[PDB]
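run_25.pdb (PDB, N, CA and C atoms and all ligand atoms) appears below.
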```
ATOM      1  N   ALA W   2       0.190  -8.511  11.280
ATOM      2  CA  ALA W   2      -0.020  -8.586  12.748
ATOM      3  C   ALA W   2       1.244  -9.059  13.458
ATOM      4  N   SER W   3       1.757  -8.228  14.358
ATOM      5  CA  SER W   3       2.963  -8.562  15.106
ATOM      6  C   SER W   3       2.620  -9.334  16.377
ATOM      7  N   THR W   4       1.890 -10.432  16.217
ATOM      8  CA  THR W   4       1.494 -11.260  17.351
ATOM      9  C   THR W   4       2.020 -12.683  17.194
ATOM     10  N   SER W   5       3.207 -12.808  16.610
ATOM     11  CA  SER W   5       3.823 -14.113  16.401
ATOM     12  C   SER W   5       5.307 -13.969  16.077
ATOM     13  N   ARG W   6       5.931 -15.071  15.674
ATOM     14  CA  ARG W   6       7.349 -15.066  15.334
ATOM     15  C   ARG W   6       7.546 -15.203  13.828
ATOM     16  N   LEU W   7       7.340 -16.412  13.317
ATOM     17  CA  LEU W   7       7.496 -16.677  11.891
ATOM     18  C   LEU W   7       6.141 -16.913  11.232
ATOM     19  N   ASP W   8       5.868 -16.165  10.168
ATOM     20  CA  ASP W   8       4.607 -16.294   9.448
ATOM     21  C   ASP W   8       4.765 -15.865   7.992
ATOM     22  N   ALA W   9       5.804 -16.376   7.340
ATOM     23  CA  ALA W   9       6.064 -16.044   5.945
ATOM     24  C   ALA W   9       7.224 -16.861   5.387
ATOM     25  N   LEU W  10       8.375 -16.781   6.048
ATOM     26  CA  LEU W  10       9.560 -17.511   5.608
ATOM     27  C   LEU W  10       9.935 -17.111   4.180
ATOM     28  N   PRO W  11      10.316 -15.837   3.981
ATOM     29  CA  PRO W  11      10.690 -15.322   2.661
ATOM     30  C   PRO W  11      12.015 -15.887   2.160
ATOM     31  N   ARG W  12      12.035 -17.186   1.881
ATOM     32  CA  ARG W  12      13.237 -17.839   1.382
ATOM     33  C   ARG W  12      13.552 -17.342  -0.033
ATOM     34  N   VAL W  13      14.193 -18.177  -0.848
ATOM     35  CA  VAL W  13      14.537 -17.787  -2.210
ATOM     36  C   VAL W  13      14.176 -18.877  -3.215
ATOM     37  N   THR W  14      14.847 -20.021  -3.104
ATOM     38  CA  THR W  14      14.612 -21.151  -4.004
ATOM     39  C   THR W  14      15.689 -22.213  -3.817
ATOM     40  N   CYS W  15      15.765 -23.149  -4.754
ATOM     41  CA  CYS W  15      16.732 -24.227  -4.661
ATOM     42  C   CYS W  15      18.149 -23.787  -5.007
ATOM     43  N   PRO W  16      19.125 -24.151  -4.149
ATOM     44  CA  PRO W  16      20.531 -23.825  -4.374
ATOM     45  C   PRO W  16      21.017 -24.451  -5.667
ATOM     46  N   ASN W  17      20.480 -25.630  -5.978
ATOM     47  CA  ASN W  17      20.823 -26.323  -7.207
ATOM     48  C   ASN W  17      19.941 -25.804  -8.330
ATOM     49  N   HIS W  18      18.728 -25.425  -7.980
ATOM     50  CA  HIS W  18      17.820 -24.864  -8.952
ATOM     51  C   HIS W  18      17.061 -23.679  -8.379
ATOM     52  N   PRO W  19      17.646 -22.482  -8.503
ATOM     53  CA  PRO W  19      17.018 -21.252  -8.034
ATOM     54  C   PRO W  19      15.647 -21.068  -8.669
ATOM     55  N   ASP W  20      15.395 -21.830  -9.733
ATOM     56  CA  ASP W  20      14.121 -21.787 -10.419
ATOM     57  C   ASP W  20      13.112 -22.658  -9.679
ATOM     58  N   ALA W  21      13.451 -23.939  -9.504
ATOM     59  CA  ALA W  21      12.561 -24.866  -8.809
ATOM     60  C   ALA W  21      12.382 -24.453  -7.360
ATOM     61  N   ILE W  22      11.122 -24.265  -7.010
ATOM     62  CA  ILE W  22      10.748 -23.831  -5.674
ATOM     63  C   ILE W  22      10.607 -24.997  -4.698
ATOM     64  N   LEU W  23      11.440 -24.992  -3.655
ATOM     65  CA  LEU W  23      11.375 -26.033  -2.637
ATOM     66  C   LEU W  23       9.958 -26.081  -2.070
ATOM     67  N   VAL W  24       9.432 -27.262  -1.862
ATOM     68  CA  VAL W  24       8.089 -27.373  -1.344
ATOM     69  C   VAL W  24       8.088 -27.497   0.164
ATOM     70  N   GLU W  25       7.010 -27.033   0.755
ATOM     71  CA  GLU W  25       6.852 -27.043   2.174
ATOM     72  C   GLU W  25       6.664 -28.453   2.665
ATOM     73  N   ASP W  26       7.342 -28.750   3.741
ATOM     74  CA  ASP W  26       7.269 -30.037   4.376
ATOM     75  C   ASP W  26       7.587 -31.215   3.453
ATOM     76  N   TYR W  27       8.841 -31.676   3.508
ATOM     77  CA  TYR W  27       9.287 -32.816   2.708
ATOM     78  C   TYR W  27       8.617 -34.092   3.188
ATOM     79  N   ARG W  28       7.500 -34.454   2.572
ATOM     80  CA  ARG W  28       6.798 -35.672   2.955
ATOM     81  C   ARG W  28       6.693 -35.770   4.475
ATOM     82  N   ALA W  29       6.428 -34.625   5.109
ATOM     83  CA  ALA W  29       6.318 -34.525   6.566
ATOM     84  C   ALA W  29       7.632 -34.027   7.161
ATOM     85  N   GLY W  30       8.304 -33.139   6.429
ATOM     86  CA  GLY W  30       9.569 -32.598   6.894
ATOM     87  C   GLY W  30       9.693 -31.101   6.668
ATOM     88  N   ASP W  31      10.823 -30.687   6.100
ATOM     89  CA  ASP W  31      11.088 -29.272   5.835
ATOM     90  C   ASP W  31      10.772 -28.911   4.378
ATOM     91  N   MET W  32      11.602 -28.072   3.762
ATOM     92  CA  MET W  32      11.380 -27.642   2.385
ATOM     93  C   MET W  32      12.066 -28.574   1.385
ATOM     94  N   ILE W  33      11.264 -29.314   0.651
ATOM     95  CA  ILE W  33      11.764 -30.305  -0.289
ATOM     96  C   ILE W  33      11.840 -29.784  -1.719
ATOM     97  N   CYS W  34      13.044 -29.762  -2.261
ATOM     98  CA  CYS W  34      13.245 -29.301  -3.617
ATOM     99  C   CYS W  34      12.894 -30.410  -4.607
ATOM    100  N   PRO W  35      11.763 -30.299  -5.309
ATOM    101  CA  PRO W  35      11.317 -31.325  -6.253
ATOM    102  C   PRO W  35      12.388 -31.832  -7.206
ATOM    103  N   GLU W  36      13.484 -31.107  -7.357
ATOM    104  CA  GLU W  36      14.524 -31.543  -8.280
ATOM    105  C   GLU W  36      15.696 -32.196  -7.578
ATOM    106  N   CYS W  37      16.264 -31.575  -6.553
ATOM    107  CA  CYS W  37      17.322 -32.265  -5.828
ATOM    108  C   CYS W  37      16.671 -32.911  -4.634
ATOM    109  N   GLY W  38      15.437 -32.484  -4.383
ATOM    110  CA  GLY W  38      14.634 -32.994  -3.297
ATOM    111  C   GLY W  38      15.206 -32.697  -1.927
ATOM    112  N   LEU W  39      16.036 -31.676  -1.889
ATOM    113  CA  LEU W  39      16.708 -31.247  -0.673
ATOM    114  C   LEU W  39      15.717 -30.718   0.357
ATOM    115  N   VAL W  40      15.994 -30.977   1.630
ATOM    116  CA  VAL W  40      15.124 -30.542   2.700
ATOM    117  C   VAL W  40      15.790 -29.469   3.550
ATOM    118  N   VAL W  41      15.121 -28.330   3.682
ATOM    119  CA  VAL W  41      15.633 -27.233   4.488
ATOM    120  C   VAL W  41      14.574 -26.774   5.478
ATOM    121  N   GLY W  42      14.973 -26.556   6.722
ATOM    122  CA  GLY W  42      14.036 -26.095   7.722
ATOM    123  C   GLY W  42      14.087 -26.922   8.984
ATOM    124  N   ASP W  43      13.437 -26.430  10.027
ATOM    125  CA  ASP W  43      13.404 -27.129  11.301
ATOM    126  C   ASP W  43      12.650 -26.311  12.343
ATOM    127  N   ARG W  44      12.921 -25.009  12.376
ATOM    128  CA  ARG W  44      12.274 -24.118  13.331
ATOM    129  C   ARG W  44      10.765 -24.017  13.055
ATOM    130  N   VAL W  45      10.285 -22.852  12.606
ATOM    131  CA  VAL W  45       8.862 -22.664  12.320
ATOM    132  C   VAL W  45       8.030 -22.578  13.603
ATOM    133  N   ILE W  46       8.694 -22.693  14.756
ATOM    134  CA  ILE W  46       8.026 -22.626  16.057
ATOM    135  C   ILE W  46       6.776 -23.505  16.109
ATOM    136  N   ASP W  47       6.121 -23.518  17.267
ATOM    137  CA  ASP W  47       4.912 -24.311  17.456
ATOM    138  C   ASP W  47       3.736 -23.411  17.821
ATOM    139  N   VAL W  48       2.823 -23.223  16.874
ATOM    140  CA  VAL W  48       1.658 -22.374  17.097
ATOM    141  C   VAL W  48       0.359 -23.172  17.025
ATOM    142  N   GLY W  49       0.347 -24.209  16.191
ATOM    143  CA  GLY W  49      -0.841 -25.030  16.042
ATOM    144  C   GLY W  49      -1.359 -25.562  17.366
ATOM    145  N   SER W  50      -2.255 -24.808  17.996
ATOM    146  CA  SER W  50      -2.834 -25.206  19.276
ATOM    147  C   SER W  50      -3.704 -24.093  19.853
ATOM    148  N   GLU W  51      -3.287 -22.850  19.637
ATOM    149  CA  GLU W  51      -4.026 -21.697  20.138
ATOM    150  C   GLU W  51      -5.377 -21.562  19.441
ATOM    151  N   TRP W  52      -6.435 -21.974  20.133
ATOM    152  CA  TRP W  52      -7.788 -21.898  19.590
ATOM    153  C   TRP W  52      -7.898 -22.662  18.270
ATOM    154  N   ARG W  53      -7.582 -21.990  17.164
ATOM    155  CA  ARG W  53      -7.651 -22.611  15.844
ATOM    156  C   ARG W  53      -9.008 -23.274  15.617
ATOM    157  N   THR W  54      -9.993 -22.474  15.220
ATOM    158  CA  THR W  54     -11.336 -22.984  14.969
ATOM    159  C   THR W  54     -12.124 -22.029  14.080
ATOM    160  N   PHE W  55     -13.326 -22.445  13.692
ATOM    161  CA  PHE W  55     -14.182 -21.627  12.841
ATOM    162  C   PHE W  55     -15.447 -21.208  13.583
ATOM    163  N   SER W  56     -15.362 -20.099  14.308
ATOM    164  CA  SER W  56     -16.500 -19.592  15.065
ATOM    165  C   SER W  56     -16.966 -20.613  16.098
ATOM    166  N   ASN W  57     -17.743 -20.151  17.072
ATOM    167  CA  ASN W  57     -18.256 -21.025  18.121
ATOM    168  C   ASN W  57     -19.763 -20.854  18.283
ATOM    169  N   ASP W  58     -20.378 -21.755  19.041
ATOM    170  CA  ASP W  58     -21.816 -21.704  19.275
ATOM    171  C   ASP W  58     -22.136 -20.880  20.519
ATOM    172  N   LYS W  59     -21.230 -20.909  21.490
ATOM    173  CA  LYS W  59     -21.416 -20.164  22.731
ATOM    174  C   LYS W  59     -21.057 -18.694  22.542
TER     175      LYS W  59
HETATM  176 ZN    ZN W 101      16.911 -28.650  -6.211
END
```

Can you turn what I pasted into structure tokens?
Amino acid sequence: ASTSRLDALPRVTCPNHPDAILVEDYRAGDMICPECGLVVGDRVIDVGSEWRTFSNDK
């Protein structure tokens, strides 16, 4: 669906460890590499707000 900006982030892996996959949100941040624990990211835009719910009663 082309109704947004970023919705995948097809990165690659850790620069120090192309094997170890950086994790999303470093303890409330960007992409944390479990091995070097490096954090990458900042954008990701702000979408969390538009409706975001599970069906309604009305
Ligand atoms: Zn690493």

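Going from atom CA of residue W:41 to atom CA of residue W:27 covers 8.6 Å.
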
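Across W:6, W:17, W:31, W:12, the tightest approach to residue W:46 is made by W:6 when counting only N, CA and C atoms.
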
In Å, with one decimal, what is the gap from atom N of residue W:38 to atom C of residue W:13? 13.7 Å

With all atoms listed in the file counted, collect every polymer residue having an atom within 6.5 Å of ligand ZN 101 (chain W); state the result as a PyMOL selection string. chain W and resi 15-18+21+34-39

Give me, as a PyMOL selection string, all polymer residues having an atom no more than 8 Å from residue W:42, counting only C-alpha atoms and skipping those fewer than 3 positions away in the same chain. chain W and resi 30-32+45

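With only the atoms specified (all atoms listed in the file) counting, those residues at most 8 Å away from (4.2, -15.8, 17.3) are residues 3, 4, 5, 6, 7, 8, 46, 47 and 48 of chain W.
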
Coordinates-based distance that separates atom C of residue W:26 from atom N of residue W:51 (Å, one decimal): 21.2 Å

List every residue of chain W that DSSP, applied to the backbone, labels as strand (DSSP E), and write the result as a VMD selection string. chain W and resid 32 to 33 40 to 41
